[PDB]
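Engineer: Enclosed is the structure file final_20.cif (mmCIF, C-alpha atoms and all ligand atoms).
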```cif
data_structure
loop_
_atom_site.group_PDB
_atom_site.id
_atom_site.type_symbol
_atom_site.label_atom_id
_atom_site.label_comp_id
_atom_site.auth_asym_id
_atom_site.auth_seq_id
_atom_site.Cartn_x
_atom_site.Cartn_y
_atom_site.Cartn_z
ATOM 1 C CA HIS X 4 -38.580 116.080 -107.889
ATOM 2 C CA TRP X 5 -41.668 118.120 -108.641
ATOM 3 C CA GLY X 6 -44.053 119.436 -106.023
ATOM 4 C CA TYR X 7 -45.716 122.615 -104.814
ATOM 5 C CA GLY X 8 -42.882 124.432 -103.013
ATOM 6 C CA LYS X 9 -41.077 127.576 -104.069
ATOM 7 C CA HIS X 10 -38.200 125.593 -105.576
ATOM 8 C CA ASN X 11 -40.140 122.791 -107.280
ATOM 9 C CA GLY X 12 -43.681 124.112 -107.816
ATOM 10 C CA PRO X 13 -45.725 124.708 -110.958
ATOM 11 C CA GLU X 14 -43.507 127.497 -112.412
ATOM 12 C CA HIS X 15 -40.647 124.951 -112.547
ATOM 13 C CA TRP X 16 -42.442 121.951 -114.038
ATOM 14 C CA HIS X 17 -41.743 122.846 -117.674
ATOM 15 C CA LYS X 18 -38.052 122.002 -117.237
ATOM 16 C CA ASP X 19 -38.777 118.302 -116.783
ATOM 17 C CA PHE X 20 -42.197 118.304 -118.572
ATOM 18 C CA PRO X 21 -42.028 120.687 -121.544
ATOM 19 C CA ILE X 22 -45.683 119.990 -122.399
ATOM 20 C CA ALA X 23 -46.371 122.280 -119.430
ATOM 21 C CA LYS X 24 -46.275 125.150 -121.973
ATOM 22 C CA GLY X 25 -48.503 123.283 -124.464
ATOM 23 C CA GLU X 26 -51.646 124.127 -126.351
ATOM 24 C CA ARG X 27 -54.246 122.365 -124.167
ATOM 25 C CA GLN X 28 -53.084 122.601 -120.537
ATOM 26 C CA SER X 29 -55.299 122.579 -117.442
ATOM 27 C CA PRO X 30 -56.709 124.061 -115.255
ATOM 28 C CA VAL X 31 -58.188 127.204 -116.826
ATOM 29 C CA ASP X 32 -60.291 130.141 -115.781
ATOM 30 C CA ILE X 33 -63.930 129.663 -116.790
ATOM 31 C CA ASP X 34 -65.229 133.011 -118.034
ATOM 32 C CA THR X 35 -68.965 132.475 -117.600
ATOM 33 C CA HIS X 36 -69.906 135.248 -120.022
ATOM 34 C CA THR X 37 -67.759 133.810 -122.868
ATOM 35 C CA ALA X 38 -68.691 130.136 -122.428
ATOM 36 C CA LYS X 39 -71.315 129.333 -125.021
ATOM 37 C CA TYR X 40 -74.399 127.257 -124.389
ATOM 38 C CA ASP X 41 -74.208 124.215 -126.670
ATOM 39 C CA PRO X 42 -77.679 122.662 -127.144
ATOM 40 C CA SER X 43 -76.111 119.586 -128.749
ATOM 41 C CA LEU X 44 -74.571 118.625 -125.393
ATOM 42 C CA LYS X 45 -76.329 115.768 -123.622
ATOM 43 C CA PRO X 46 -77.072 115.403 -119.924
ATOM 44 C CA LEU X 47 -74.246 113.724 -118.050
ATOM 45 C CA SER X 48 -74.815 110.083 -117.092
ATOM 46 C CA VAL X 49 -73.168 109.254 -113.747
ATOM 47 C CA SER X 50 -73.740 105.578 -112.897
ATOM 48 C CA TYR X 51 -72.014 104.959 -109.567
ATOM 49 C CA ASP X 52 -74.487 102.541 -107.907
ATOM 50 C CA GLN X 53 -72.079 99.584 -108.325
ATOM 51 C CA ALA X 54 -68.849 101.451 -107.484
ATOM 52 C CA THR X 55 -66.308 99.374 -105.528
ATOM 53 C CA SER X 56 -63.753 101.401 -103.572
ATOM 54 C CA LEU X 57 -60.667 99.529 -102.385
ATOM 55 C CA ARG X 58 -58.031 101.720 -100.796
ATOM 56 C CA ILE X 59 -56.971 105.253 -99.884
ATOM 57 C CA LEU X 60 -53.369 106.351 -100.501
ATOM 58 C CA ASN X 61 -51.259 109.401 -99.616
ATOM 59 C CA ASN X 62 -49.049 109.684 -102.721
ATOM 60 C CA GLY X 63 -47.117 112.757 -101.539
ATOM 61 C CA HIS X 64 -49.128 115.207 -103.670
ATOM 62 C CA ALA X 65 -52.717 114.430 -102.640
ATOM 63 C CA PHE X 66 -54.655 111.416 -101.350
ATOM 64 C CA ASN X 67 -56.378 109.082 -103.826
ATOM 65 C CA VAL X 68 -59.443 106.958 -103.147
ATOM 66 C CA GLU X 69 -58.955 104.026 -105.551
ATOM 67 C CA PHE X 70 -61.657 101.878 -107.183
ATOM 68 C CA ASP X 71 -61.803 98.424 -108.716
ATOM 69 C CA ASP X 72 -61.902 99.223 -112.455
ATOM 70 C CA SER X 73 -61.530 95.622 -113.743
ATOM 71 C CA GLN X 74 -65.196 95.593 -114.821
ATOM 72 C CA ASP X 75 -67.725 98.166 -116.063
ATOM 73 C CA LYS X 76 -69.142 99.144 -112.688
ATOM 74 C CA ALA X 77 -68.885 102.877 -111.948
ATOM 75 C CA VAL X 78 -69.048 104.689 -115.293
ATOM 76 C CA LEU X 79 -69.391 108.170 -116.736
ATOM 77 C CA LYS X 80 -71.171 108.546 -120.093
ATOM 78 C CA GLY X 81 -73.084 111.138 -122.055
ATOM 79 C CA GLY X 82 -72.420 114.832 -121.841
ATOM 80 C CA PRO X 83 -69.682 115.662 -124.340
ATOM 81 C CA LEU X 84 -68.370 112.106 -124.263
ATOM 82 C CA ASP X 85 -68.468 109.357 -126.849
ATOM 83 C CA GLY X 86 -68.498 105.951 -125.275
ATOM 84 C CA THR X 87 -67.931 104.720 -121.757
ATOM 85 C CA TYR X 88 -65.410 105.941 -119.187
ATOM 86 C CA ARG X 89 -64.626 103.900 -116.068
ATOM 87 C CA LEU X 90 -63.961 105.433 -112.628
ATOM 88 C CA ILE X 91 -60.480 104.638 -111.325
ATOM 89 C CA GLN X 92 -59.845 107.128 -108.502
ATOM 90 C CA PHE X 93 -60.806 110.428 -106.988
ATOM 91 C CA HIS X 94 -58.730 113.007 -105.136
ATOM 92 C CA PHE X 95 -58.849 116.663 -104.112
ATOM 93 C CA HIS X 96 -56.790 119.837 -104.369
ATOM 94 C CA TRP X 97 -57.037 122.364 -101.557
ATOM 95 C CA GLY X 98 -55.626 125.510 -99.982
ATOM 96 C CA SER X 99 -53.889 126.701 -96.826
ATOM 97 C CA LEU X 100 -56.805 129.168 -96.396
ATOM 98 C CA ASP X 101 -60.456 129.040 -97.449
ATOM 99 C CA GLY X 102 -59.860 131.763 -100.104
ATOM 100 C CA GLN X 103 -57.824 129.489 -102.376
ATOM 101 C CA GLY X 104 -57.353 125.840 -103.252
ATOM 102 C CA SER X 105 -59.299 125.095 -106.413
ATOM 103 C CA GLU X 106 -57.532 124.558 -109.732
ATOM 104 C CA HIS X 107 -60.267 125.771 -112.069
ATOM 105 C CA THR X 108 -61.575 129.240 -111.325
ATOM 106 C CA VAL X 109 -64.917 130.817 -112.247
ATOM 107 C CA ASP X 110 -64.650 134.452 -113.354
ATOM 108 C CA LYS X 111 -61.298 134.401 -111.462
ATOM 109 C CA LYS X 112 -63.053 133.153 -108.292
ATOM 110 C CA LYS X 113 -61.052 130.529 -106.390
ATOM 111 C CA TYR X 114 -62.932 127.938 -104.314
ATOM 112 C CA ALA X 115 -61.617 126.340 -101.086
ATOM 113 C CA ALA X 116 -60.962 123.034 -102.822
ATOM 114 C CA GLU X 117 -61.739 120.966 -105.900
ATOM 115 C CA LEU X 118 -62.698 117.287 -106.233
ATOM 116 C CA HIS X 119 -61.500 115.323 -109.311
ATOM 117 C CA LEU X 120 -63.277 112.044 -110.220
ATOM 118 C CA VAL X 121 -60.966 110.413 -112.767
ATOM 119 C CA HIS X 122 -62.299 108.082 -115.485
ATOM 120 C CA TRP X 123 -60.665 106.357 -118.471
ATOM 121 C CA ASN X 124 -62.071 105.475 -121.901
ATOM 122 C CA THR X 125 -62.699 101.726 -122.043
ATOM 123 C CA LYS X 127 -61.957 101.643 -125.764
ATOM 124 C CA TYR X 128 -58.224 101.840 -124.871
ATOM 125 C CA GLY X 129 -58.279 98.843 -122.494
ATOM 126 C CA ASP X 130 -56.223 100.187 -119.572
ATOM 127 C CA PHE X 131 -55.505 103.553 -117.945
ATOM 128 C CA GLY X 132 -51.856 103.563 -119.053
ATOM 129 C CA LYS X 133 -52.892 103.319 -122.705
ATOM 130 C CA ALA X 134 -55.739 105.799 -122.285
ATOM 131 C CA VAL X 135 -53.475 108.631 -121.075
ATOM 132 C CA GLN X 136 -51.609 108.438 -124.397
ATOM 133 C CA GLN X 137 -54.777 109.407 -126.328
ATOM 134 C CA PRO X 138 -56.426 112.841 -126.755
ATOM 135 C CA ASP X 139 -59.784 111.403 -125.663
ATOM 136 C CA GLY X 140 -58.377 108.966 -123.137
ATOM 137 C CA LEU X 141 -59.670 110.429 -119.864
ATOM 138 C CA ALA X 142 -62.727 112.224 -118.520
ATOM 139 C CA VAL X 143 -62.306 114.106 -115.257
ATOM 140 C CA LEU X 144 -65.374 115.352 -113.389
ATOM 141 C CA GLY X 145 -64.449 118.452 -111.386
ATOM 142 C CA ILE X 146 -66.559 119.591 -108.440
ATOM 143 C CA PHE X 147 -65.873 122.732 -106.450
ATOM 144 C CA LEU X 148 -65.917 122.802 -102.638
ATOM 145 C CA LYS X 149 -66.964 125.836 -100.583
ATOM 146 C CA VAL X 150 -66.824 126.096 -96.801
ATOM 147 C CA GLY X 151 -70.173 126.156 -95.012
ATOM 148 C CA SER X 152 -72.347 123.247 -93.893
ATOM 149 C CA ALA X 153 -70.772 119.816 -93.551
ATOM 150 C CA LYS X 154 -71.005 117.236 -96.322
ATOM 151 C CA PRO X 155 -72.160 114.021 -94.585
ATOM 152 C CA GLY X 156 -70.956 111.844 -97.461
ATOM 153 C CA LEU X 157 -67.397 113.155 -97.047
ATOM 154 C CA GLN X 158 -66.983 112.367 -93.361
ATOM 155 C CA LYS X 159 -65.847 108.765 -93.874
ATOM 156 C CA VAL X 160 -62.957 110.110 -95.986
ATOM 157 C CA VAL X 161 -62.091 112.758 -93.376
ATOM 158 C CA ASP X 162 -62.024 110.235 -90.546
ATOM 159 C CA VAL X 163 -59.470 107.907 -92.200
ATOM 160 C CA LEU X 164 -56.931 110.651 -92.985
ATOM 161 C CA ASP X 165 -55.255 110.202 -89.589
ATOM 162 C CA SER X 166 -54.119 106.758 -90.750
ATOM 163 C CA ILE X 167 -52.450 108.014 -93.975
ATOM 164 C CA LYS X 168 -50.778 111.161 -92.676
ATOM 165 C CA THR X 169 -47.516 110.784 -94.599
ATOM 166 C CA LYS X 170 -46.331 109.984 -98.116
ATOM 167 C CA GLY X 171 -46.585 106.312 -99.082
ATOM 168 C CA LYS X 172 -49.114 105.331 -96.417
ATOM 169 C CA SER X 173 -52.305 103.558 -97.475
ATOM 170 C CA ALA X 174 -55.366 102.139 -95.736
ATOM 171 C CA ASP X 175 -58.193 99.792 -96.642
ATOM 172 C CA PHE X 176 -61.185 101.858 -97.795
ATOM 173 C CA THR X 177 -64.008 99.620 -98.960
ATOM 174 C CA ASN X 178 -67.693 100.334 -99.492
ATOM 175 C CA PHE X 179 -67.365 104.096 -99.954
ATOM 176 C CA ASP X 180 -70.164 105.523 -102.102
ATOM 177 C CA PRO X 181 -69.032 108.457 -104.294
ATOM 178 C CA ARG X 182 -72.648 109.454 -104.964
ATOM 179 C CA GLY X 183 -72.427 111.176 -101.581
ATOM 180 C CA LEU X 184 -70.004 113.755 -102.995
ATOM 181 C CA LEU X 185 -72.212 115.029 -105.878
ATOM 182 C CA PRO X 186 -74.216 118.282 -105.875
ATOM 183 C CA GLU X 187 -77.919 118.317 -106.764
ATOM 184 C CA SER X 188 -77.464 119.677 -110.287
ATOM 185 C CA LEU X 189 -75.278 118.141 -113.001
ATOM 186 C CA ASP X 190 -75.107 121.338 -115.121
ATOM 187 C CA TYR X 191 -71.533 121.672 -116.390
ATOM 188 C CA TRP X 192 -68.862 123.385 -118.459
ATOM 189 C CA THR X 193 -66.579 121.311 -120.696
ATOM 190 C CA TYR X 194 -63.318 121.848 -122.634
ATOM 191 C CA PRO X 195 -60.329 119.773 -123.845
ATOM 192 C CA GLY X 196 -57.336 119.846 -121.501
ATOM 193 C CA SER X 197 -54.713 117.980 -119.573
ATOM 194 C CA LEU X 198 -53.685 116.318 -116.361
ATOM 195 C CA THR X 199 -52.962 119.094 -113.852
ATOM 196 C CA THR X 200 -49.907 117.326 -112.345
ATOM 197 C CA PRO X 201 -46.856 115.902 -114.103
ATOM 198 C CA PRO X 202 -46.725 114.303 -116.558
ATOM 199 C CA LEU X 203 -49.302 116.934 -117.658
ATOM 200 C CA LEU X 204 -50.475 114.768 -120.567
ATOM 201 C CA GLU X 205 -53.038 116.292 -122.956
ATOM 202 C CA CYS X 206 -55.547 113.473 -122.691
ATOM 203 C CA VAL X 207 -58.506 114.854 -120.683
ATOM 204 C CA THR X 208 -62.046 115.918 -121.500
ATOM 205 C CA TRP X 209 -62.764 118.234 -118.554
ATOM 206 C CA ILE X 210 -66.336 118.303 -117.210
ATOM 207 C CA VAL X 211 -66.647 120.926 -114.450
ATOM 208 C CA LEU X 212 -69.914 121.147 -112.521
ATOM 209 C CA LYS X 213 -71.404 124.594 -111.960
ATOM 210 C CA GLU X 214 -72.886 123.764 -108.524
ATOM 211 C CA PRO X 215 -70.332 123.488 -105.701
ATOM 212 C CA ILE X 216 -70.722 121.224 -102.732
ATOM 213 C CA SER X 217 -70.496 122.602 -99.203
ATOM 214 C CA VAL X 218 -68.065 121.135 -96.667
ATOM 215 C CA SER X 219 -67.428 122.304 -93.128
ATOM 216 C CA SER X 220 -64.440 124.233 -91.867
ATOM 217 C CA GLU X 221 -63.682 121.240 -89.636
ATOM 218 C CA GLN X 222 -63.674 118.882 -92.636
ATOM 219 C CA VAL X 223 -61.234 120.936 -94.724
ATOM 220 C CA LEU X 224 -59.074 121.564 -91.630
ATOM 221 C CA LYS X 225 -58.461 117.816 -91.481
ATOM 222 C CA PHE X 226 -57.312 117.840 -95.118
ATOM 223 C CA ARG X 227 -54.723 120.416 -94.080
ATOM 224 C CA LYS X 228 -53.258 118.177 -91.372
ATOM 225 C CA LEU X 229 -51.909 115.725 -93.938
ATOM 226 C CA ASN X 230 -48.213 115.728 -94.848
ATOM 227 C CA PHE X 231 -46.322 115.971 -98.162
ATOM 228 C CA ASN X 232 -43.354 114.310 -96.480
ATOM 229 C CA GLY X 233 -42.746 110.714 -95.523
ATOM 230 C CA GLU X 234 -42.730 109.319 -92.018
ATOM 231 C CA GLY X 235 -39.731 110.405 -89.995
ATOM 232 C CA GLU X 236 -39.024 113.408 -92.224
ATOM 233 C CA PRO X 237 -39.428 117.103 -91.358
ATOM 234 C CA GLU X 238 -43.118 117.938 -91.359
ATOM 235 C CA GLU X 239 -44.403 119.828 -94.400
ATOM 236 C CA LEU X 240 -48.162 120.280 -94.297
ATOM 237 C CA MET X 241 -50.078 119.137 -97.404
ATOM 238 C CA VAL X 242 -51.665 122.481 -98.360
ATOM 239 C CA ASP X 243 -51.861 124.509 -101.605
ATOM 240 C CA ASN X 244 -51.481 121.444 -103.819
ATOM 241 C CA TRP X 245 -53.122 123.228 -106.763
ATOM 242 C CA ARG X 246 -51.849 124.330 -110.165
ATOM 243 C CA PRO X 247 -52.925 127.861 -111.159
ATOM 244 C CA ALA X 248 -54.935 128.650 -114.267
ATOM 245 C CA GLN X 249 -53.139 128.166 -117.610
ATOM 246 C CA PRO X 250 -53.629 129.962 -120.953
ATOM 247 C CA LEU X 251 -56.796 129.025 -122.806
ATOM 248 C CA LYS X 252 -55.124 129.460 -126.235
ATOM 249 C CA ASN X 253 -57.228 128.079 -129.113
ATOM 250 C CA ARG X 254 -60.006 126.530 -127.032
ATOM 251 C CA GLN X 255 -63.709 127.092 -126.427
ATOM 252 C CA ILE X 256 -65.438 126.330 -123.142
ATOM 253 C CA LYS X 257 -68.993 125.029 -123.727
ATOM 254 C CA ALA X 258 -71.900 125.180 -121.255
ATOM 255 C CA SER X 259 -74.590 122.523 -120.944
ATOM 256 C CA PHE X 260 -77.059 125.083 -119.582
ATOM 257 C CA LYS X 261 -78.659 128.376 -120.592
HETATM 258 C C1 LIG X 301 -54.158 103.600 -108.545
HETATM 259 O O1 LIG X 301 -54.832 104.623 -109.246
HETATM 260 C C2 LIG X 301 -54.101 105.117 -110.342
HETATM 261 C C3 LIG X 301 -53.319 104.260 -111.115
HETATM 262 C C4 LIG X 301 -52.606 104.775 -112.190
HETATM 263 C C5 LIG X 301 -52.676 106.141 -112.470
HETATM 264 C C6 LIG X 301 -53.460 106.998 -111.696
HETATM 265 N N1 LIG X 301 -53.578 108.438 -111.972
HETATM 266 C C7 LIG X 301 -52.456 109.154 -112.561
HETATM 267 O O2 LIG X 301 -51.416 108.601 -112.841
HETATM 268 N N2 LIG X 301 -52.474 110.560 -112.864
HETATM 269 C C8 LIG X 301 -53.454 111.627 -112.752
HETATM 270 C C9 LIG X 301 -54.834 111.519 -112.768
HETATM 271 C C10 LIG X 301 -55.604 112.687 -112.727
HETATM 272 C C11 LIG X 301 -54.978 113.941 -112.615
HETATM 273 S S1 LIG X 301 -55.937 115.467 -112.518
HETATM 274 N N3 LIG X 301 -55.378 116.353 -111.199
HETATM 275 O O3 LIG X 301 -55.736 116.251 -113.763
HETATM 276 O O4 LIG X 301 -57.347 115.036 -112.267
HETATM 277 C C12 LIG X 301 -53.604 114.021 -112.625
HETATM 278 C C13 LIG X 301 -52.854 112.859 -112.686
HETATM 279 C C14 LIG X 301 -54.169 106.472 -110.635
HETATM 280 ZN ZN ZN X 302 -56.630 116.582 -109.752
#
```
For the file at hand, write its structure as structure tokens.
Ligand SMILES: COc1cccc(NC(=O)Nc2ccc(S(N)(=O)=O)cc2)c1
Ligand SMILES: [Zn+2]

Structural biologist:
Amino acid sequence: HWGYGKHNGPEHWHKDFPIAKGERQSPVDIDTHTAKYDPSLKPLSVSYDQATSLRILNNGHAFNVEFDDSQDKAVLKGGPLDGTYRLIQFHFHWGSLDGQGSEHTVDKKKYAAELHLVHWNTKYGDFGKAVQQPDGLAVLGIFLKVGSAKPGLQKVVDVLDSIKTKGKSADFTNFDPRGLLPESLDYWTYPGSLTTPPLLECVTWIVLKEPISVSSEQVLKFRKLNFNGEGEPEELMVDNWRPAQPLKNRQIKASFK
């Protein structure tokens, strides 16, 4: 089964998921000098005041904070998007060391980690139908650098002890994702894919320019999680990132001058 080891990591995925070598795969390097300001882009609209988190799950590749998406509560609109996209989960990708861990890079710079807030287009009715469409998903990507602590992240960090191994979950209500956003919503955007199998080409990527700062102690607790299940040999959950993929026939657009 796929993962991030030497025998099953990203260079192997194309054997079970041939779309891995496709025309709109993610992540990519963001070359800041080639991304063109697009004055037709609108400001992002992030409406998370009514978000309802339910649960946190270690799925063996990352941990997902899951939301109730049965009504239009926490939604992403505007920016490059047409229509309304509903928040379903967020998760992170991170490194074994502070010098790597993000999936997108900026002028080849790797950040310590990257947050993905995953939303689906309500015109397709459910997430499973949305991922079959080229405009089915919108993922908001936020870089993490190591410095000062992020207070709004600490409630996530403190529950990770209870979901150390694959398949463990814990109740996780009343978490406010507004506490994970940077001050500025300036962004880059391009058409891409899921960055894990099945690597479907269904995502409008919206990557914020401003990273958030987290503390060394916070990211250290990410790195104590396990890829393995309970009672299996311990394999630390680190370096769960896909490297940058070819840009091919795509343009990255900037919302800012
Ligand atoms: C309970 O919550 C669910 C329920 C059903 C599906 C999912 N998500 C999923 O299947 N895949 C996914 C999402 C984003 C990315 S990524 N790294 O490109 O942002 C990669 C893969 C979550
Ligand atoms: Zn992701």

Engineer: For each of X:25, X:250, X:98, X:196, take the minimum atom-to-atom distance to ligand LIG 301 (chain X), counting all atoms listed in the file, then give the residue where this is smallest.

Structural biologist: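 Among X:25, X:250, X:98, X:196, it is X:196 that comes nearest to ligand LIG 301 (chain X).
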
Engineer: Mind listing the residues within 9 Å of ligand LIG 301 (chain X), all atoms listed in the file counted, as a VMD selection string?

Structural biologist: chain X and resid 29 to 30 58 60 67 to 70 91 to 96 106 118 to 122 131 to 132 135 141 to 145 196 to 204 207 209 245 to 246

Engineer: With only C-alpha atoms as the basis for distance, which of X:259, X:33, X:4, X:154 is at the shortest distance from residue 19 (chain X)?

Structural biologist: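 Among the listed residues, X:4 lies closest to residue 19 (chain X).
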
Engineer: If you count all atoms listed in the file, which residues fall within 6 Å of region 213-229 of chain X, apart from same-chain ones fewer than 2 positions away, as a list in words?

Structural biologist: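 With the cut-off at 6 Å, the set is residues 147, 148, 149, 150, 151, 152, 153, 154, 168, 186, 190, 191, 240, 241 and 242 of chain X.
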
Engineer: Can you list, as a PyMOL selection string, the residues that the PyMOL selection byres (((chain X and resi 80) around 12) and not hetatm) selects here?

Structural biologist: chain X and resi 44-51+75+77-79+81-90+122-125+141-144+208+210

Engineer: Please indicate the distance in Å from CA of residue 137 (chain X) to CA of residue 205 (chain X), rounded to one decimal place.

Structural biologist: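 So the two atoms, CA of residue 137 (chain X) and CA of residue 205 (chain X), lie 7.9 Å apart.
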
Engineer: Of the residues X:237, X:247, X:195, X:171, which is the one nearest to residue 66 (chain X), using only C-alpha atoms?

Structural biologist: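 Closest to residue 66 (chain X), using only C-alpha atoms: X:171.
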
Engineer: Between CA of residue 22 (chain X) and CA of residue 103 (chain X), measure the distance and give it in Å to one decimal.

Structural biologist: 25.3 Å

Engineer: Run the PyMOL selection byres (((chain X and resi 167) around 9) and not hetatm) against the file shown and list the residues it catches, as a list in words.

Structural biologist: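 In the shown coordinates, the PyMOL selection byres (((chain X and resi 167) around 9) and not hetatm) covers residues 59, 60, 61, 66, 163, 164, 165, 166, 168, 169, 170, 171, 172, 173, 174, 229 and 230 of chain X.
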
Engineer: Write a file of the selected residues as a PDB file, keeping the file's coordinate frame, keeping C-alpha atoms.

Structural biologist:
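That gives us part15.pdb:
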```
ATOM      1  CA  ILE X  59     -56.971 105.253 -99.884  1.00  0.00           C
ATOM      2  CA  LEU X  60     -53.369 106.351-100.501  1.00  0.00           C
ATOM      3  CA  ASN X  61     -51.259 109.401 -99.616  1.00  0.00           C
ATOM      4  CA  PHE X  66     -54.655 111.416-101.350  1.00  0.00           C
ATOM      5  CA  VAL X 163     -59.470 107.907 -92.200  1.00  0.00           C
ATOM      6  CA  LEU X 164     -56.931 110.651 -92.985  1.00  0.00           C
ATOM      7  CA  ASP X 165     -55.255 110.202 -89.589  1.00  0.00           C
ATOM      8  CA  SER X 166     -54.119 106.758 -90.750  1.00  0.00           C
ATOM      9  CA  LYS X 168     -50.778 111.161 -92.676  1.00  0.00           C
ATOM     10  CA  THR X 169     -47.516 110.784 -94.599  1.00  0.00           C
ATOM     11  CA  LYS X 170     -46.331 109.984 -98.116  1.00  0.00           C
ATOM     12  CA  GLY X 171     -46.585 106.312 -99.082  1.00  0.00           C
ATOM     13  CA  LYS X 172     -49.114 105.331 -96.417  1.00  0.00           C
ATOM     14  CA  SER X 173     -52.305 103.558 -97.475  1.00  0.00           C
ATOM     15  CA  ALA X 174     -55.366 102.139 -95.736  1.00  0.00           C
ATOM     16  CA  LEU X 229     -51.909 115.725 -93.938  1.00  0.00           C
ATOM     17  CA  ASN X 230     -48.213 115.728 -94.848  1.00  0.00           C
TER      18      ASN X 230
END
```

Engineer: Hey, can you check how far CA of residue 100 (chain X) sits from CA of residue 113 (chain X)?

Structural biologist: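 Separation of CA of residue 100 (chain X) and CA of residue 113 (chain X): 10.9 Å.
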